[PDB]
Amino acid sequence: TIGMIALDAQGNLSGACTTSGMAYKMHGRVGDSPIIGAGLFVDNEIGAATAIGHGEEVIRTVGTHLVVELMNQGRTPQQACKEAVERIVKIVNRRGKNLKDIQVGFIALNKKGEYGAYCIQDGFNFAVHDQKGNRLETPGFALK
């Protein structure tokens, strides 16, 4: 999967997600990538988010909608990604599953062009390009 979100010179947001899905899935399986609110969500008054990780888990937690709603409540992008992942870890525990079996993460942008990222597990990186150029950054992660 690749997810991409941008803020243009007009101050408008957009995003895109595209994937071949989980290798060797059952025929007809759909993950989070084509689901608005799951894989991708964009609200030009607030911010945008896109997801990584096991698709089934992003779908069950409506994850990008959650991230953008937390930004709407006043969280910065980084705070929103973290707090989304923290809610999601609680839900994994409620489920009785092993956190090591579940990866969910988010990248996020607001209307200021502030950005953030957080995941359950270490191992993910994301690329950021602004007027200071293009670079690969690593996010915070909950499972330490």
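Quick note: we count residues from 1 along the sequence shown, nothing fancier.
- Looking at 72-80 and 90-98 together, the entry lists the larger mean B-factor for 90-98, computed on C-alpha atoms.
- Look at the C-alpha B-factors of 41-49 and of 115-123. On average they run higher in 115-123.
- When the Cα B-factors of 110, 103, 64, 33 are read from the PDB record, 103 comes out highest.
- Sort the modelled residues of the chain by CA B factor and residue 131 lands in the highest third.
- Ranked by C-alpha B-factor against the other modelled residues of its chain, residue 2 falls in the middle third.
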